[PDB]
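Colleague: Contents of target_15.txt (compact mmCIF, C-alpha atoms and all ligand atoms) are given next:
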# COMPACT_ATOMS: atom_id res chain seq x y z
CA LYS A 2 112.86 85.57 110.59
CA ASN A 3 112.83 87.11 107.09
CA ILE A 4 111.74 85.42 103.87
CA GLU A 5 115.14 86.06 102.25
CA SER A 6 116.64 83.31 104.41
CA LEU A 7 114.18 80.70 103.08
CA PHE A 8 115.46 80.42 99.50
CA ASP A 9 118.43 79.72 97.30
CA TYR A 10 118.93 82.24 94.49
CA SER A 11 119.84 81.81 90.86
CA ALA A 12 122.92 83.65 89.65
CA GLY A 13 120.54 86.01 87.85
CA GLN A 14 118.43 86.78 90.93
CA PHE A 15 121.46 87.21 93.19
CA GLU A 16 123.37 89.46 90.78
CA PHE A 17 120.30 91.59 90.03
CA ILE A 18 119.71 92.33 93.72
CA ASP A 19 123.42 93.16 94.09
CA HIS A 20 123.25 95.55 91.12
CA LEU A 21 120.04 97.15 92.41
CA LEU A 22 121.61 97.98 95.77
CA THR A 23 124.91 99.10 94.21
CA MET A 24 123.17 101.36 91.69
CA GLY A 25 121.19 102.77 94.61
CA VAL A 26 124.44 103.69 96.37
CA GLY A 27 125.77 105.40 93.26
CA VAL A 28 122.61 107.44 92.66
CA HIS A 29 122.44 108.73 96.23
CA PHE A 30 126.10 109.72 96.44
CA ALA A 31 125.98 111.31 92.98
CA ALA A 32 123.01 113.39 94.15
CA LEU A 33 124.90 114.24 97.35
CA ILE A 34 127.50 116.10 95.29
CA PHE A 35 124.74 117.99 93.46
CA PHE A 36 123.05 119.12 96.68
CA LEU A 37 126.42 120.11 98.14
CA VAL A 38 127.40 122.36 95.26
CA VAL A 39 123.95 123.99 94.92
CA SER A 40 123.69 124.75 98.66
CA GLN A 41 125.64 128.01 98.16
CA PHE A 42 122.74 129.36 96.08
CA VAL A 43 120.16 128.81 98.85
CA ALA A 44 119.21 131.69 101.13
CA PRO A 45 119.99 131.23 104.86
CA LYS A 46 116.38 130.62 105.91
CA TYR A 47 116.15 127.59 103.58
CA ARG A 48 119.75 126.32 103.51
CA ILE A 49 119.08 123.67 106.16
CA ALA A 50 116.50 122.13 103.81
CA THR A 51 119.27 121.47 101.28
CA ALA A 52 121.71 120.33 103.98
CA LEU A 53 119.10 117.77 105.07
CA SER A 54 119.11 116.35 101.54
CA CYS A 55 122.88 115.85 101.86
CA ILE A 56 122.31 114.12 105.21
CA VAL A 57 119.63 111.85 103.71
CA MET A 58 121.83 110.99 100.71
CA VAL A 59 124.68 109.76 102.90
CA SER A 60 122.37 108.01 105.39
CA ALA A 61 120.40 106.19 102.69
CA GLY A 62 123.52 105.54 100.61
CA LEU A 63 125.28 103.99 103.61
CA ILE A 64 122.33 101.71 104.35
CA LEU A 65 122.16 100.57 100.73
CA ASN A 66 125.92 99.98 100.78
CA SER A 67 125.61 98.02 104.03
CA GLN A 68 122.79 95.94 102.55
CA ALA A 69 124.85 95.22 99.43
CA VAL A 70 127.83 93.97 101.45
CA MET A 71 125.54 91.99 103.76
CA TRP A 72 123.96 90.41 100.66
CA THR A 73 127.32 89.27 99.30
CA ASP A 74 128.52 88.20 102.77
CA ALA A 75 125.47 86.03 103.38
CA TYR A 76 125.41 84.03 100.13
CA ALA A 77 127.93 81.98 98.20
CA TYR A 78 127.66 80.10 94.92
CA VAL A 79 127.40 76.42 95.91
CA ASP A 80 126.26 73.48 93.74
CA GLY A 81 124.81 75.76 91.07
CA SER A 82 123.00 78.40 93.15
CA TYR A 83 123.62 81.10 95.73
CA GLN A 84 123.03 79.54 99.14
CA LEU A 85 122.93 81.02 102.62
CA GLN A 86 126.21 80.82 104.53
CA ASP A 87 126.89 81.76 108.21
CA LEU A 88 125.96 85.45 108.01
CA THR A 89 122.39 86.63 107.54
CA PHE A 90 120.65 89.19 105.36
CA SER A 91 117.71 91.22 106.65
CA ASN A 92 115.70 94.30 105.77
CA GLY A 93 115.37 95.22 109.45
CA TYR A 94 118.32 97.60 109.22
CA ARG A 95 116.35 99.72 106.75
CA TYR A 96 113.66 100.20 109.41
CA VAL A 97 116.19 101.39 111.99
CA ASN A 98 117.57 103.87 109.47
CA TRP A 99 114.10 105.27 108.75
CA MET A 100 114.05 106.45 112.38
CA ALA A 101 116.55 109.08 111.21
CA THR A 102 115.84 109.55 107.50
CA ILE A 103 112.05 110.04 107.71
CA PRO A 104 112.32 112.93 110.23
CA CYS A 105 114.89 114.55 107.91
CA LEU A 106 112.57 114.26 104.90
CA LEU A 107 109.69 115.73 106.92
CA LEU A 108 111.77 118.56 108.38
CA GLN A 109 113.02 119.81 105.01
CA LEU A 110 109.39 120.01 103.86
CA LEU A 111 108.38 122.11 106.87
CA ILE A 112 111.30 124.45 106.19
CA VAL A 113 110.33 125.22 102.59
CA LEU A 114 106.71 125.63 103.75
CA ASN A 115 108.08 128.67 105.66
CA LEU A 116 107.05 127.30 109.04
CA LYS A 117 108.98 128.87 111.90
CA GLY A 118 109.12 129.22 115.65
CA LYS A 119 106.63 127.32 117.78
CA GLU A 120 104.54 126.06 114.86
CA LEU A 121 107.66 124.51 113.31
CA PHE A 122 108.74 122.85 116.56
CA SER A 123 105.25 121.56 117.40
CA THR A 124 104.54 120.33 113.86
CA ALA A 125 107.91 118.57 113.66
CA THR A 126 107.37 116.94 117.05
CA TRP A 127 103.97 115.50 116.14
CA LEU A 128 105.20 114.40 112.70
CA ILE A 129 108.25 112.64 114.15
CA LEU A 130 106.18 110.90 116.83
CA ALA A 131 103.73 109.67 114.18
CA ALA A 132 106.62 108.56 111.95
CA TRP A 133 108.34 106.73 114.80
CA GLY A 134 105.10 104.97 115.71
CA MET A 135 104.74 103.84 112.10
CA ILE A 136 108.35 102.64 111.84
CA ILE A 137 108.46 100.82 115.18
CA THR A 138 105.18 98.96 114.65
CA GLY A 139 106.22 98.03 111.12
CA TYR A 140 109.60 96.83 112.39
CA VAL A 141 107.87 94.55 114.90
CA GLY A 142 105.47 93.34 112.22
CA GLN A 143 108.15 92.20 109.78
CA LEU A 144 109.74 90.05 112.49
CA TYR A 145 106.75 87.75 111.82
CA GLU A 146 106.84 87.68 108.01
CA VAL A 147 107.88 83.99 108.14
CA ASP A 148 106.41 82.70 111.40
CA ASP A 149 103.07 84.53 111.71
CA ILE A 150 101.64 86.31 108.65
CA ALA A 151 98.50 87.18 110.62
CA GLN A 152 100.63 89.10 113.11
CA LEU A 153 102.46 90.81 110.26
CA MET A 154 99.09 92.00 108.97
CA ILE A 155 97.85 93.35 112.31
CA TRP A 156 101.05 95.23 113.14
CA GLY A 157 100.86 96.52 109.57
CA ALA A 158 97.34 97.81 110.20
CA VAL A 159 98.52 99.71 113.29
CA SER A 160 101.49 101.06 111.33
CA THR A 161 99.18 102.13 108.49
CA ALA A 162 97.09 104.09 111.01
CA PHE A 163 100.17 106.11 111.98
CA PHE A 164 101.03 106.45 108.27
CA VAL A 165 97.60 107.87 107.41
CA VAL A 166 97.64 110.32 110.33
CA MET A 167 101.17 111.42 109.40
CA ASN A 168 100.08 111.98 105.78
CA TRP A 169 97.10 113.98 107.03
CA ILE A 170 99.40 116.27 109.03
CA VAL A 171 101.63 116.68 105.96
CA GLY A 172 98.73 117.42 103.62
CA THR A 173 97.08 119.81 106.06
CA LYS A 174 100.30 121.80 106.48
CA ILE A 175 101.06 121.82 102.74
CA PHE A 176 97.64 122.99 101.58
CA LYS A 177 97.40 125.51 104.44
CA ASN A 178 100.84 127.11 103.91
CA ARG A 179 100.87 126.83 100.10
CA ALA A 180 99.71 130.46 99.99
CA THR A 181 102.86 131.70 101.79
CA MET A 182 105.23 130.39 99.14
CA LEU A 183 107.10 132.55 96.64
CA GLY A 184 108.21 132.34 93.03
CA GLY A 185 105.43 130.03 91.88
CA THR A 186 106.42 127.27 94.32
CA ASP A 187 102.87 127.25 95.70
CA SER A 188 102.21 125.16 92.58
CA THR A 189 105.36 123.04 92.90
CA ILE A 190 104.67 122.05 96.51
CA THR A 191 101.36 120.42 95.53
CA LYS A 192 103.32 118.06 93.27
CA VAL A 193 105.64 117.31 96.20
CA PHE A 194 102.62 116.17 98.23
CA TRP A 195 101.54 113.73 95.53
CA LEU A 196 105.10 112.48 95.02
CA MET A 197 105.18 111.66 98.74
CA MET A 198 101.81 109.88 98.62
CA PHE A 199 103.00 107.75 95.69
CA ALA A 200 106.57 106.97 96.75
CA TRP A 201 105.94 106.36 100.45
CA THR A 202 103.06 103.97 99.68
CA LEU A 203 105.54 101.66 97.92
CA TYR A 204 107.04 100.76 101.31
CA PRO A 205 103.88 99.11 102.74
CA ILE A 206 103.49 97.27 99.42
CA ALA A 207 107.00 95.86 99.85
CA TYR A 208 106.12 95.03 103.46
CA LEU A 209 103.25 92.80 102.26
CA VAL A 210 105.32 90.88 99.67
CA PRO A 211 105.73 87.92 102.11
CA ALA A 212 101.92 87.67 102.14
CA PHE A 213 101.31 87.64 98.37
CA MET A 214 104.59 86.47 96.82
CA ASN A 215 106.56 84.34 99.30
CA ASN A 216 109.23 83.03 96.94
CA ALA A 217 112.63 84.06 95.61
CA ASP A 218 111.06 86.24 92.92
CA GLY A 219 109.13 88.07 95.64
CA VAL A 220 112.46 88.77 97.34
CA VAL A 221 113.62 90.38 94.10
CA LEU A 222 110.36 92.32 93.79
CA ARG A 223 110.70 93.76 97.30
CA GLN A 224 114.23 95.02 96.64
CA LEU A 225 113.01 96.46 93.34
CA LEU A 226 110.17 98.30 95.10
CA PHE A 227 112.59 99.62 97.74
CA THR A 228 114.85 100.92 94.96
CA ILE A 229 112.03 102.74 93.16
CA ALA A 230 110.78 104.09 96.48
CA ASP A 231 114.18 105.23 97.78
CA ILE A 232 115.08 107.08 94.59
CA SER A 233 111.63 108.70 94.38
CA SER A 234 111.20 109.56 98.08
CA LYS A 235 114.76 110.81 98.69
CA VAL A 236 116.46 111.80 95.43
CA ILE A 237 113.59 113.09 93.27
CA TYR A 238 111.95 114.53 96.39
CA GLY A 239 115.18 116.24 97.45
CA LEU A 240 115.66 117.70 93.98
CA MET A 241 112.16 119.19 94.20
CA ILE A 242 112.76 120.53 97.72
CA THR A 243 116.02 122.12 96.58
CA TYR A 244 114.36 123.66 93.51
CA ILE A 245 111.66 125.12 95.78
CA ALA A 246 114.30 126.43 98.19
CA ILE A 247 116.32 128.11 95.43
CA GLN A 248 113.24 129.55 93.72
CA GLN A 249 111.93 131.04 96.96
CA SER A 250 115.43 132.33 97.73
CA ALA A 251 115.54 134.18 94.40
CA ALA A 252 112.03 135.56 94.85
CA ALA A 253 113.08 136.82 98.30
CA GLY A 254 116.01 138.72 96.79
CA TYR A 255 118.93 136.36 97.52
CA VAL A 256 121.39 137.37 94.80
CA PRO A 257 123.32 134.06 94.49
CA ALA A 258 119.99 132.29 93.89
CA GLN A 259 118.94 134.86 91.30
CA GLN A 260 122.27 134.52 89.48
CA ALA A 261 122.22 130.71 89.67
CA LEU A 262 118.75 130.56 88.11
CA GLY A 263 119.80 133.19 85.58
CA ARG A 264 122.70 131.09 84.29
CA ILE A 265 120.38 128.18 83.39
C1 LIG B 1 113.42 107.08 102.57
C2 LIG B 1 112.58 106.13 103.29
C3 LIG B 1 111.25 106.30 103.40
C4 LIG B 1 110.54 107.47 102.79
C5 LIG B 1 110.50 105.27 104.14
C6 LIG B 1 109.17 105.31 104.26
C7 LIG B 1 108.55 104.22 105.01
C8 LIG B 1 107.22 104.07 105.15
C9 LIG B 1 106.23 105.03 104.55
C10 LIG B 1 106.77 102.90 105.94
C11 LIG B 1 105.53 102.43 105.90
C12 LIG B 1 104.97 101.25 106.62
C13 LIG B 1 103.64 101.12 106.59
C14 LIG B 1 102.79 102.11 105.83
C15 LIG B 1 102.93 99.97 107.25
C16 LIG B 1 103.76 98.72 106.99
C17 LIG B 1 105.11 98.86 107.69
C18 LIG B 1 105.75 100.22 107.46
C19 LIG B 1 107.18 100.46 107.94
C20 LIG B 1 106.41 99.65 106.20
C1 LIG B 2 112.65 106.24 89.85
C2 LIG B 2 112.69 104.85 89.22
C3 LIG B 2 113.95 104.09 89.62
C4 LIG B 2 114.03 102.75 88.88
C5 LIG B 2 115.03 101.81 89.54
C6 LIG B 2 115.02 100.43 88.89
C7 LIG B 2 115.98 100.34 87.71
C8 LIG B 2 116.20 98.89 87.26
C9 LIG B 2 114.87 98.26 86.90
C10 LIG B 2 114.77 96.84 86.51
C11 LIG B 2 114.34 96.42 85.12
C12 LIG B 2 113.87 94.97 85.16
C13 LIG B 2 115.05 94.01 85.07
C14 LIG B 2 114.60 92.57 84.83
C15 LIG B 2 114.66 91.74 86.11
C16 LIG B 2 115.06 90.30 85.83
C17 LIG B 2 114.42 89.35 86.84
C18 LIG B 2 115.46 88.45 87.47
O1 LIG B 2 116.00 87.53 86.82
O2 LIG B 2 115.78 88.60 88.67
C1 LIG B 3 128.53 102.86 91.23
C2 LIG B 3 127.07 102.64 90.83
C3 LIG B 3 126.69 103.42 89.58
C4 LIG B 3 126.88 104.92 89.76
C5 LIG B 3 125.79 105.67 88.99
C6 LIG B 3 126.24 107.08 88.60
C7 LIG B 3 125.17 107.76 87.76
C8 LIG B 3 124.40 108.78 88.59
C9 LIG B 3 123.11 109.15 87.89
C10 LIG B 3 122.27 110.22 88.44
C11 LIG B 3 122.33 110.51 89.92
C12 LIG B 3 121.18 111.40 90.36
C13 LIG B 3 121.67 112.79 90.76
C14 LIG B 3 121.00 113.86 89.92
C15 LIG B 3 121.70 115.21 90.05
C16 LIG B 3 120.88 116.29 89.36
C17 LIG B 3 120.50 115.86 87.95
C18 LIG B 3 119.81 116.99 87.23
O1 LIG B 3 120.13 118.18 87.47
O2 LIG B 3 118.92 116.75 86.40
CL CL B 4 117.28 134.18 104.37
CL CL B 5 116.80 105.28 104.55
Kindly transcribe the structure held in the file into structure tokens.
Ligand SMILES: *C/C=C(C)/C=C/C=C(C)/C=C/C1=C(C)CCCC1(C)C
Ligand SMILES: CCCCCCCC/C=C/CCCCCCCC(=O)O
Ligand SMILES: CCCCCCCC/C=C\CCCCCCCC(=O)O
Ligand SMILES: [Cl-]
Ligand SMILES: [Cl-]
Modeller:
Amino acid sequence: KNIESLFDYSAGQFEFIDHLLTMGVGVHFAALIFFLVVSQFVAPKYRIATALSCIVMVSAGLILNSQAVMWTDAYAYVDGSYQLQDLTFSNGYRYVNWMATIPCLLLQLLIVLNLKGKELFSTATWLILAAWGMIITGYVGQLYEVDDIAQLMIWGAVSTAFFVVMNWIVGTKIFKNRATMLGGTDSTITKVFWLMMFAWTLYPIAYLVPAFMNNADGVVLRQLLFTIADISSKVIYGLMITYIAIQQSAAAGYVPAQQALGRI
């Protein structure tokens, strides 16, 4: 049902996709070790924000690893090109994983925004429902990226509606609670908003690749966009969330955070 199954791949195309996914695994698990060791310098009220970055690193890294092995399982070098064998490759498993990773990314933002109590629970609930609506409708849409491009576009429009409403909740909460944030992170969090707008918009662009570049090079382009988007939306984003958590911890008087920032 996916455009990947339609083509043979040159050795160059096949190996580049394999290296993209493998490098993605290495970046996420390298960052996992960073978040783990820095978590001891985060104050208790923010420490779950850094733990969520560890959770996202392993979740994303495992999906990239699974995609890399599925890629090599599905194709073999036959008569001068990589050709589909008995097993299949699909991006649909990324969508299932977003059902978990996107709520984690959203929750760690709400934590460093200093939301608590009922506002935290209600904001998280609406954000997760909007995210799940976006993911599920996009998942259905990409089942038609070979058979029915018109249906891919309409499910994509519905998914984009959820996306825009989710981004509006995020922006409203960020610019409303920016004033509560300590240690100059009221400025940093505005950059986090724009990083999210940029990086998350790469995913719908990848989703439309079957509509504007339905060939083997488009398959490469989509994996390239996923790689840029994953590293930006999870790794760079998590590094900024962790910086904000540590900086607010130090401004709130958490001594391990003050000493960690002092030694750098
Ligand atoms: C770490 C993974 C992330 C941040 C995934 C983000 C995914 C999206 C923002 C998905 C967006 C989509 C649309 C905007 C409509 C087209 C279909 C969806 C899934 C791709
Ligand atoms: C935050 C940014 C993360 C960047 C991740 C991407 C790193 C690798 C980028 C690729 C450089 C282009 C390589 C040329 C592709 C050759 C085309 C082909 O034969 O398949
Ligand atoms: C096995 C595939 C290749 C493995 C790649 C290993 C290289 C990892 C490179 C950077 C990972 C990103 C993690 C960044 C940690 C914090 C960096 C910083 O403090 O500036
Ligand atoms: Cl605390
Ligand atoms: Cl993911």
Colleague: Residues up to 8 Å from ligand LIG 3 (chain B), counting all atoms listed in the file: could you list those as a PyMOL selection string?
Modeller: chain A and resi 23-36+236+240
Colleague: Given only C-alpha atoms and all ligand atoms, how would the per-residue table for chain A near ligand LIG 1 (chain B) read, listing every residue at most 9 Å away with its closest atom pair and distance in Å to one decimal, sorted by chain and number, as a tab-separated table?
Modeller:
residue	atom	partner	partner_atom	distance
A:57	CA	B:LIG1	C1	7.9
A:61	CA	B:LIG1	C1	7.0
A:95	CA	B:LIG1	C2	8.2
A:96	CA	B:LIG1	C19	6.6
A:98	CA	B:LIG1	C2	8.3
A:99	CA	B:LIG1	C2	5.7
A:102	CA	B:LIG1	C1	6.0
A:103	CA	B:LIG1	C4	5.8
A:106	CA	B:LIG1	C4	7.4
A:132	CA	B:LIG1	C8	8.2
A:135	CA	B:LIG1	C19	5.9
A:136	CA	B:LIG1	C19	4.6
A:137	CA	B:LIG1	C19	7.4
A:138	CA	B:LIG1	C17	7.0
A:139	CA	B:LIG1	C17	3.7
A:140	CA	B:LIG1	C19	6.2
A:141	CA	B:LIG1	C17	8.8
A:142	CA	B:LIG1	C17	7.1
A:143	CA	B:LIG1	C17	7.6
A:153	CA	B:LIG1	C16	8.7
A:154	CA	B:LIG1	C16	8.4
A:156	CA	B:LIG1	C16	7.6
A:157	CA	B:LIG1	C16	4.5
A:158	CA	B:LIG1	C15	6.7
A:159	CA	B:LIG1	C15	7.5
A:160	CA	B:LIG1	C15	4.5
A:161	CA	B:LIG1	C14	4.5
A:162	CA	B:LIG1	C14	8.0
A:163	CA	B:LIG1	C14	7.8
A:164	CA	B:LIG1	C14	5.3
A:165	CA	B:LIG1	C14	7.9
A:197	CA	B:LIG1	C4	7.9
A:198	CA	B:LIG1	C9	8.8
A:200	CA	B:LIG1	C4	7.2
A:201	CA	B:LIG1	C9	4.3
A:202	CA	B:LIG1	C9	5.9
A:203	CA	B:LIG1	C9	7.5
A:204	CA	B:LIG1	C20	5.1
A:205	CA	B:LIG1	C16	4.3
A:206	CA	B:LIG1	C16	7.7
A:207	CA	B:LIG1	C20	7.4
A:208	CA	B:LIG1	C20	5.4
A:209	CA	B:LIG1	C16	7.6
A:227	CA	B:LIG1	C2	8.6
A:230	CA	B:LIG1	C4	7.2
A:231	CA	B:LIG1	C1	5.2
A:232	CA	B:LIG1	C1	8.2
A:233	CA	B:LIG1	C1	8.5
A:234	CA	B:LIG1	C4	5.2
A:235	CA	B:LIG1	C1	5.5
Colleague: Determine the nearest neighbour of ligand CL 5 (chain B) from the options A:105, A:44, A:49, A:6, counting all atoms listed in the file.
Modeller: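 So, comparing all the options, the nearest one is A:105.
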Colleague: Pick from A:4, A:237, A:252, A:65: nearest to ligand CL 4 (chain B), with all atoms listed in the file counted?
Modeller: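 That would be A:252, the residue with the smallest distance to ligand CL 4 (chain B).
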Colleague: At what distance in Å, to one decimal, does atom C18 of ligand LIG 2 (chain B) lie from atom CA of residue 90 of chain A?
Modeller: 18.6 Å
Colleague: To check your reading of the model: which residues sit at most 9 Å from ligand CL 4 (chain B) when counting all atoms listed in the file? Write the answer as a list in words.
Modeller: residues 43, 44, 45, 46, 47, 48, 250, 253, 254 and 255 of chain A
